[PDB]
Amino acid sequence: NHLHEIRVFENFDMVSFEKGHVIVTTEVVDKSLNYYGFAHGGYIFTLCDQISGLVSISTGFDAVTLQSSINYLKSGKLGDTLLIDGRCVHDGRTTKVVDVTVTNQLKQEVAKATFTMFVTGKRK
């Protein structure tokens, strides 16, 4: 299942959920377009932040985002399908670090991010 793990601010469909590795997909719709015709930076960032929270949960912990760095490599356009992949690269006592990639249907990398998460407790 894994619906209801987090509050959904930007819609996505769950693809796979495993320890330290979560994959979801979404489609770029009108709501996310800026006036330049691109998926806005905050939309792409939120998809990555959401998945970083899911990845922390997948390691067995609640955590808050402490710091994040994101690169926008290629624009997302109306109708694009985005595959968002989050992988834990450091599963620490106090911090988790998550690498996130966002890829389109042409397998071009749209964005990449690193999230540093501060652990607040053991899950459920």
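Throughout, we count residues from 1 along the sequence that is shown.
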Comparing average C-alpha B factors as deposited, tell me which of 96 to 104 and 10 to 18 sits higher. 10 to 18
Check where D30 lands among this chain's C-alpha B-factors and tell me if it's the lowest, middle or highest third. highest
Thinking about Cα B factors across the chain, which third does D49 belong to? lowest
Temperature factor at the Cα of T81, chain-ranked in thirds, falls in the middle
Sorting the chain's CA B-factors, does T65 end up in the lowest, middle or highest third? lowest
For the chain shown, is the CA B-factor of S56 in the lowest, middle or highest third of its modelled residues? middle
